[PDB]
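Colleague: What follows is a single structure, and I will ask about it in a moment.
Cβ atoms come from the backbone with ideal geometry, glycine included; neighbour counts cover every protein chain shown. Just so it is clear, none of the values below were taken in a lab; they were calculated from the coordinates.
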Amino acid sequence: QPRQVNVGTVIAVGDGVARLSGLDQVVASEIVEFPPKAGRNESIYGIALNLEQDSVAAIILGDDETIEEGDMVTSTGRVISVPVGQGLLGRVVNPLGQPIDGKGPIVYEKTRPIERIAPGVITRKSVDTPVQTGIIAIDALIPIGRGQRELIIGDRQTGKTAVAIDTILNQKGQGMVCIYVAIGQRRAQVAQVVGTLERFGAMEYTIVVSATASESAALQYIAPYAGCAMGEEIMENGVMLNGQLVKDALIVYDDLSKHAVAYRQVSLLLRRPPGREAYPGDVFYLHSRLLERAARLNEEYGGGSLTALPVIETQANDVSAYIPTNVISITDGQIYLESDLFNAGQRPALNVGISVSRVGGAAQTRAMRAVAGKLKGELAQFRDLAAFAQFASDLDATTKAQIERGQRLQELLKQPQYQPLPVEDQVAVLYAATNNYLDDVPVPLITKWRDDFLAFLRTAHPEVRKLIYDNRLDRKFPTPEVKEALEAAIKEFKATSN
Amino acid sequence: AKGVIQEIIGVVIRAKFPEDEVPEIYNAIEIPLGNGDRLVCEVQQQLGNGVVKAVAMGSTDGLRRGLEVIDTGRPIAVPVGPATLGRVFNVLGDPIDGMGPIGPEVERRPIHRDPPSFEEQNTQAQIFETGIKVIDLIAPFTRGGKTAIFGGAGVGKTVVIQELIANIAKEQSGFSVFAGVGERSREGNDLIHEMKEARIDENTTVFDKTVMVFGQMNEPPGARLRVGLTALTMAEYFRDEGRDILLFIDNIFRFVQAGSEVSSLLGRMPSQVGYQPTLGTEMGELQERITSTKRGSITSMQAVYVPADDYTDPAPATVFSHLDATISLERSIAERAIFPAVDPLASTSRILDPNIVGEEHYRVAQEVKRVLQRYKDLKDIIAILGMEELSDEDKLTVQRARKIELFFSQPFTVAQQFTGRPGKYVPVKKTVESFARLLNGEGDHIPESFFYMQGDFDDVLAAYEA
Amino acid sequence: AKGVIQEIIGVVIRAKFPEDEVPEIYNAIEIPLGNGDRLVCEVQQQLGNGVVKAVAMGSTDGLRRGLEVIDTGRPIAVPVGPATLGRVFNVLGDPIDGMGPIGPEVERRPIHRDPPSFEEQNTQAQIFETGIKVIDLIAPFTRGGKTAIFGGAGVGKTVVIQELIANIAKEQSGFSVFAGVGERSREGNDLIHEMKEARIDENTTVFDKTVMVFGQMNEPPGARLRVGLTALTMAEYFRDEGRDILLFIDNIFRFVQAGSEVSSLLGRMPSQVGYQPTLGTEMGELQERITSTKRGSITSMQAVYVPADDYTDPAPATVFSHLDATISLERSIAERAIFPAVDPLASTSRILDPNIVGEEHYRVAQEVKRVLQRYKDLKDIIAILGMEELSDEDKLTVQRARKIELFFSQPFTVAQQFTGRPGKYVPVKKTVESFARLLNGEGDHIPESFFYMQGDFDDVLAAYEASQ
Amino acid sequence: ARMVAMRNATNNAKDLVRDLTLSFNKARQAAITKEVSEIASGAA
Ligand SMILES: Nc1ncnc2c1ncn2[C@@H]1O[C@H](COP(=O)(O)OP(=O)(O)OP(=O)(O)O)[C@@H](O)[C@H]1O
Ligand SMILES: [Mg+2]
């Protein structure tokens, strides 16, 4: 089937950037092919970014050492696109849709173009259905709802990837399809993440799009946009997961700071003028394009949603830097993880004082919304009285019990790793703590207490958990039916243990 | 009047036109696409020999280096008129709402207009009557003036906007304009559209009295740059009729950011921290069309987001150079069921001087915010002294402060169908008289929670008598 | 082949070749240079009609324009195999020791190779006992994983590296590779030679199981840039055949700084503080080759130099995401005569997991961090108000934290040159037991000064009894 | 005793102010250097 293709000549190939000379009538983001030649039996694609007069500066999606001056490039008519559909679930694919786990070819029928306009202005809807992270601190104080983009910002090693993986693991039966985009992450760490996902059986609904550090900066630059297109297809067409047409996607960009670094590299290799901190001028536009594609569409456009969880590392906890402030501005909420809190035993390490979720209670179940108000108020008030706690020892009994309750609540949130708690379990624990049933327990045992309590509900009374889950959407959660057989269960557990 | 695209670098398009038909500096390029619609660019720099450098206003992910471009002669033309009311528009004036396109009979006006001359400016500042007690007392607006709210989410800023629109539409004619510049599409859209469509006043929804233009973060920098000017043109049409207009430029700072990007991609030499060299002039060309002339006044209440918490940053400083009042919404006041979360402190206004508002208005506004000047600093003392059991006279001051803090709250008409409480419109004279009489001590007979959601002191009294 | 030099800008040489014989991106070209010795440059960029920009990797200060350049047609090829064991090489693979050149029969492998694929990654790791209390307790040294120490100028990175090599180089169970990229030839090498040749493993010296590639501070930027890749090529052969490899790269920073100088001479647009735009990609290309695969394991220990004392510098910030274990050396700790100088709060490790390292070890490490976190939270209160204002339990935690800070100090066998304290090797079990006893309360009566330069807790108790 | 303790605390606070002033001046010089470097890079 012979066809005529436009051909140019590589006149200057450098550090992953090639000047393609005459490729007239090339679309502004096409895929130049670099057809195989003597010594290379495969094709190395590239993205024709700069369409300058008499030149096409194109970043190379692969290894540029093989490309040589004078090589012919054929301009495929397609804009940069990624395969999407059911076939990508459970597969690790590089941002071009090519599998890298070697489990076979990707079976697909549709290729959605990356770098698509936002889903729409009026096409969205209010975020109401919650995303159950499984972390009590997140699910109670900083709620995440379907269609809400929530940044995870922290220091170099505080638990950002741990929080993201816990969120991904928790979506077992909640009709969510997770996507994990690993930008600039070392291949061993991506392998560890895939092993963790496979160990807990969370690789039947997860797509891993990894552009590791060794791979060219163009692949890292397009790493989130691929995957975002995958989630766009999932929310717009749906995938058959567990026999259900799931149209909810949860995408986690492993590190957007590394994505910004890759964009800076490809821009400076293209000799585009720099901006602040050597980043290009339109990097806020870079991240706003990516994050504004996460939306909760209305019922007229399908009713699907895409939840984004960007991850950012900050140098020396400087949240005033350029990329951190840009993405903080873009996102609908922030989860601050601090090394000071992480070392002090607070394992989730959320700085609940400065962590915010602009969606708020609308991203919580009615049970969680009803219960967590007291939790948030008491935690904030304990943070306020920390000043008197550090110095004053003459505080009255009211303030002593108040600070003690604050410590109770803080120790309640010291959740371990890879142990998510479903919504009913968190609701039961928060009801037990907020209704003074946990006051007699000393702080160092509270976590153990909580764990033991759950075992009780997993053995003595599963019907109370079923009842809590069944009517978690009612306007007034503390139904007299719910209020009984739960306080009774708590009191029964109190007698059995200590 | 037809040129050819030469270069395409991101959202900056260079186009070569014939020698004698080069487009002007702010004309539209209007690149036609294959699938029927068009990509409207905006010229930014005439240069070379018939070559113009323009900002895309769109994706430019499907354009070659030979596509024809049709100069429109005039700048971006936006529909203005009563037809463009209760509708949502983009930067180009194309209605992005579900309803149909704007008819050809509606007048189209250029996006770029000259702000009113010096002779037309009012020689004396005038207070703008909003009806909200805390706003009209602590931080009064200005007719044709600028006000900025510094508040996040969940503090009722959207409800404040809705009530301001409703009050201006009831007491005056009061058409309103809302330009969401660089907003989250979730917050700006489908959580402003639905809340204002649901909110109703005199059997008319707030959305029916408000124009909306939305340049969101997903759109290219040029769209976020010119959405403010689109809203200014739409508001200026009504201002020419003599009607008073209230304009909400949500995240005016995202306007500045947009310009920065537009400069960085335009090759302009960077200024200060990466910001554009034309910062002051660009902000002036937008903030000077917001003024009170003889015919009418465009009062603006903007929203400012400061990166991190840096007010020293050039964008917040440039915004503040054009601000007349600041309203500081706070989480603590909002979580205390005080529906208007306006902080009595940290909310300033240059109108609050005895020459404009009046000696009595200034005197009471200084009497209040003085018992709170200490922010009830007694609260620190109460924490480690328990009031020393009681204060010699301070305990009174605490009672008055709590009573006035409760009294700052007001039932809003837009929330009348949510909380089931009728909306109260309080004139500035009623507010000043009520607060003065409360500070004299007339309000020392009623307990707290009787000031919780009532419009005037007289309304509190009626309640005590009943 | 047979090009001509056009420009000589620093160590970057631009050469024009025939139109159809342009060298590839990473090929090696050679200037005859006369005298029978040639200058081997590595191409970096292709600029147009036969013009290529290459890095000299040599003095490049006595050659003129118009000199001919011969295109070898292959990248830098270094010898690999058992022939490289016990020998010292340049970046080019040419031996610099007194022994003869490597024979032609020895395999030559290019120094530029693709890193192991995603399939080959081996995520299995286990604790590697090193005998240093702070390393084996807070940030365990990882077998088959990547670890590094980030230290300033005045801290003892070299002392820690030498102690680690002395401790773990006798019981290697495999070969080892040491790369001296941008390090002093006084201590970084030629006294590691003295220590490695002196150490004996059953009549075979440690130096007989080591491939050492140098390229130190005196070499031009190209040698420091590609010496790491040469060492990785020499170690990948041993990993691919199943032999366990202990890899010790010195100052990965110096590798990055050279890349920066090369990029500056190449005319690339600078990024951040003068660094190359391609910093992340270069770091990835070097580091992803340092991986344990399913065929063999590389137990890699790296050093990183932080410019000034800025841990936010782009080079250490790029390194931080490529490690399994991070050990942060701080000048403030070093100036307190705490020569290990490791900051427990800024040092982490992936295998510090109760399933991997043990429940007791994990609990002890977490408590030793929670203490000293309570201390860091109270540094200013102690600084201004003083010790008295703290509560009783806060006073106890602060005293225990300062005792722990003193106890993390440990004399090293390689530190006898300037310190009179004999070296101490504390097993991981002894370290865990000592710190658990310290946290329980045993040793509260002991003054803090008795925890300085000691081994396990028994040595501290014996010193206290000697002081009575 | 309170007088002596506050004298010592004031001296410590003054020393800490001096140290923080040195650090702030170093940060200020670094910020100016970074700003001029990036401005010159953008100009060139
Ligand atoms: N309960 C916990 N919750 C979160 N993190 C934990 C918990 N317990 C231990 N950790 C730490 O979190 C690590 C998981 O990686 P983490 O999420 O911190 O990576 P990261 O923030 O992406 O950092 P990096 O930049 O180094 O890859 C574990 O190795 C351990 O050190
Ligand atoms: Mg991570």
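Colleague: Just checking, does the stretch A:123-145 include any residue being surrounded by fewer than 24 Cβ atoms within 10 Å (Cβ to Cβ), within 16 Å of ligand 2 (Cβ to nearest atom) and farther than 19 Å from residue A:328 by Cβ?
Modeller: Within the stretch A:123-145 (the criterion being surrounded by fewer than 24 Cβ atoms within 10 Å (Cβ to Cβ), within 16 Å of ligand 2 (Cβ to nearest atom) and farther than 19 Å from residue A:328 by Cβ), the answer is no, since none of the residues qualifies.
Colleague: Report yes if residue A:295 is over 26 Å from residue A:177 (Cβ atoms), away from ligand 1 (no atom under 16 Å from the Cβ) and touching a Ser or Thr at 6+ places or on another chain (Cβ under 9 Å), otherwise no.
Modeller: When the stated conditions are applied, residue A:295 does not pass them.
Colleague: In the set A:172, A:125, which member is of a type in the set (D, E, K, R) and closer than 30 Å to residue B:198 by Cα? Spell out the reasoning first.
Modeller: Numbers: A:172 fails: closer than 30 Å to residue B:198 by Cα.
Every option except A:125 fails the conditions.
Colleague: I've got another one for you. Under 7 Å between Cβ atoms, which residue pairs at least 6 apart in sequence (or on different chains) link something in the stretch A:328-349 that is under 13 Å from residue C:377 (Cβ atoms) and at the interface with another protein chain (Cβ under 7 Å from one of its Cβ atoms) with a partner that is away from ligand 2 (no atom under 16 Å from the Cβ) and part of a loop (DSSP other than H, G, I, E, B)?
Modeller: Qualifying pairs under 7 Å: A:345/A:414.
Colleague: So which residues in the stretch A:13-38 are part of a loop (DSSP other than H, G, I, E, B), of a type in the set (A, V, I, L, M, F, W, C) and either touching a strand residue (DSSP E or B) at 6+ places or on another chain (Cβ under 9 Å) or within 18 Å of residue B:9 (Cα to Cα) (or both), if there are any at all?
Modeller: A:20, A:23, A:26, A:27, A:28, A:34
Colleague: Could you run through the stretch B:189-213 and say how many residues are in contact with a helix residue (DSSP H, G or I) (Cβ under 8 Å, 6 or more places away or on another chain) and within 18 Å of residue A:147 (Cβ to Cβ)?
Modeller: The total comes to 4.
Colleague: Out of (1) crowded, with 24+ Cβ neighbours inside 10 Å; (2) away from chain A (no Cβ under 13 Å), what's the single condition that is false for residue C:349?
Modeller: In the conditions (1) crowded, with 24+ Cβ neighbours inside 10 Å; (2) away from chain A (no Cβ under 13 Å), residue C:349 misses (2) alone.
Colleague: Same structure again: Just checking, which of A:21, A:43 is under 30 Å from residue C:19 (Cβ atoms), of a type in the set (S, T, N, Q) and in contact with a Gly (Cβ under 7 Å, 6 or more places away or on another chain)?
Modeller: When all the criteria are applied, what remains is A:21.
Colleague: What are the pairs with Cβ atoms under 6 angstrom where one residue, in the stretch C:258-274, is of a type in the set (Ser, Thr, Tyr) and the other, located anywhere, is not in a helix (DSSP H, G or I)? Sequence gap at least six, or different chains.
Modeller: C:260/C:275; C:260/C:276; C:263/C:276; C:271/C:277
Colleague: Moving on to the next point. For the stretch B:1-83, give me every one of the strands (runs of 3 or more DSSP E) that falls completely inside it and has 2 or more residues that are surrounded by fewer than 22 Cβ atoms within 10 Å (Cβ to Cβ). Show your work before the answer.
Modeller: Details: elements: B:2-9, B:12-16, B:42-47, B:51-55, B:68-70, B:77-79.
Once the strands (runs of 3 or more DSSP E) in the stretch B:1-83 are filtered for at least 2 residues that are surrounded by fewer than 22 Cβ atoms within 10 Å (Cβ to Cβ), what remains is B:2-9, B:12-16, B:42-47, B:51-55, B:68-70.
Colleague: Looking at A:346, A:334, which one is away from ligand 2 (no atom under 15 Å from the Cβ) and assigned to a loop (DSSP other than H, G, I, E, B)? Lay out the reasoning, then the answer.
Modeller: Details: A:334 fails: assigned to a loop (DSSP other than H, G, I, E, B).
Exactly one residue qualifies, and that residue is A:346.
Colleague: Right, here's the next one. Select from the stretch C:325-342 the residues that are within 16 Å of ligand 1 (Cβ to nearest atom) and in contact with a helix residue (DSSP H, G or I) (Cβ under 8 Å, 6 or more places away or on another chain) and write down the one among them that is nearest to residue C:133 (Cα to Cα).
Modeller: Once the filter is applied, the top-ranked residue is C:327.
Colleague: Further question: Checking residue A:192 against (1) out of contact with any strand residue (DSSP E or B) (no Cβ under 8 Å at 6 or more places or on another chain); (2) farther than 20 Å from residue A:59 by Cβ; (3) away from ligand 2 (no atom under 14 Å from the Cβ), only one condition comes out false. Which one?
Modeller: So the condition that residue A:192 fails would be (3).
Colleague: State all residues of the stretch A:208-256 that are among the aliphatic types (A, V, I, L, M), within 14 Å of chain C (Cβ to nearest Cβ) and within 16 Å of ligand 2 (Cβ to nearest atom); if no residue qualifies, say none.
Modeller: Answer for the stretch A:208-256, where residues must be among the aliphatic types (A, V, I, L, M), within 14 Å of chain C (Cβ to nearest Cβ) and within 16 Å of ligand 2 (Cβ to nearest atom): A:208, A:209, A:211, A:213, A:223, A:256.
Colleague: Then there is this: Take the residues in the stretch A:274-323 that are more than 16 Å from ligand 2 (Cβ to nearest atom) and among the acidic types (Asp, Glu), then tell me which one is nearest to residue A:254 (Cα to Cα).
Modeller: Looking at the filtered set, the residue picked out is A:292.
Colleague: Now for a different question. Tell me, which residue of the stretch A:16-56 that is touching a residue at least 60 places away in the same chain (Cβ under 8 Å) and within 21 Å of residue A:4 (Cα to Cα) is farthest from the other protein chains (Cβ to nearest Cβ)?
Modeller: Going residue by residue through the stretch A:16-56, those that are touching a residue at least 60 places away in the same chain (Cβ under 8 Å) are A:16-17, A:29, A:46-47, A:49-50.
When the remaining residues are screened for being within 21 Å of residue A:4 (Cα to Cα), the result is A:29, A:46-47.
Values: A:29: 5, A:46: 14, A:47: 11 Å.
Ranking the candidates gives A:46 first.
Colleague: Looking only at the stretch A:161-176, how many residues end up being closer than 14 Å to residue A:137 by Cβ and within 12 Å of ligand 1 (Cβ to nearest atom)? Working first, answer last.
Modeller: Keep residues of the stretch A:161-176 that are closer than 14 Å to residue A:137 by Cβ, which gives A:162-163, A:166-167, A:170.
If we keep only those that are within 12 Å of ligand 1 (Cβ to nearest atom) too, we end up with A:162-163, A:166-167.
The number of residues fulfilling the criteria is 4.
Colleague: Shifting gears a bit: Which of the numbered conditions does residue A:241 fail, given that it passes all the others? Conditions: (1) within 12 Å of ligand 1 (Cβ to nearest atom); (2) farther than 23 Å from residue A:260 by Cβ.
Modeller: Of the numbered conditions (1) within 12 Å of ligand 1 (Cβ to nearest atom); (2) farther than 23 Å from residue A:260 by Cβ, the odd one out for residue A:241 is (1).
Colleague: Please tell me if residue C:119 is among the acidic types (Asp, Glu) and closer than 27 Å to residue C:281 by Cα.
Modeller: So residue C:119 passes the test.
Colleague: If you don't mind, there's one more thing I want to ask. Please state which of the following conditions residue A:132 fails to meet, knowing it meets all the rest: (1) over 25 Å from residue A:377 (Cα atoms); (2) more than 16 Å from ligand 1 (Cβ to nearest atom); (3) in a loop (DSSP other than H, G, I, E, B).
Modeller: Here residue A:132 meets the rest and fails (1).
Colleague: Consider only pairs whose beta carbons are under 7 Å apart and that are at least six residues apart or on different chains; among these, list those whose first residue lies in the stretch C:124-135 and is farther than 15 Å from residue C:453 by Cα and whose second residue is crowded, with 22+ Cβ neighbours inside 10 Å and hydroxyl-bearing (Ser, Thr, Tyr).
Modeller: Once the first residue is farther than 15 Å from residue C:453 by Cα and sits in the stretch C:124-135, its partners that are crowded, with 22+ Cβ neighbours inside 10 Å and hydroxyl-bearing (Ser, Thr, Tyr) give C:125/C:142; C:128/C:142; C:128/C:299.
Colleague: Another question, if that's okay. Just one of (1) away from ligand 2 (no atom under 16 Å from the Cβ); (2) within 12 Å of another protein chain (Cβ to nearest Cβ) trips up residue C:334, so point out which.
Modeller: (2)
Colleague: Look through A:423, A:429, A:464 and report the one residue that is within 21 Å of residue A:349 (Cβ to Cβ), more than 16 Å from ligand 1 (Cβ to nearest atom) and more than 14 Å from chain C (Cβ to nearest Cβ). I'd like the intermediate steps shown before the answer.
Modeller: Working: A:423 fails: within 21 Å of residue A:349 (Cβ to Cβ); A:464 fails: within 21 Å of residue A:349 (Cβ to Cβ).
Going through A:423, A:429, A:464 in turn, just one is within 21 Å of residue A:349 (Cβ to Cβ), more than 16 Å from ligand 1 (Cβ to nearest atom) and more than 14 Å from chain C (Cβ to nearest Cβ): A:429.
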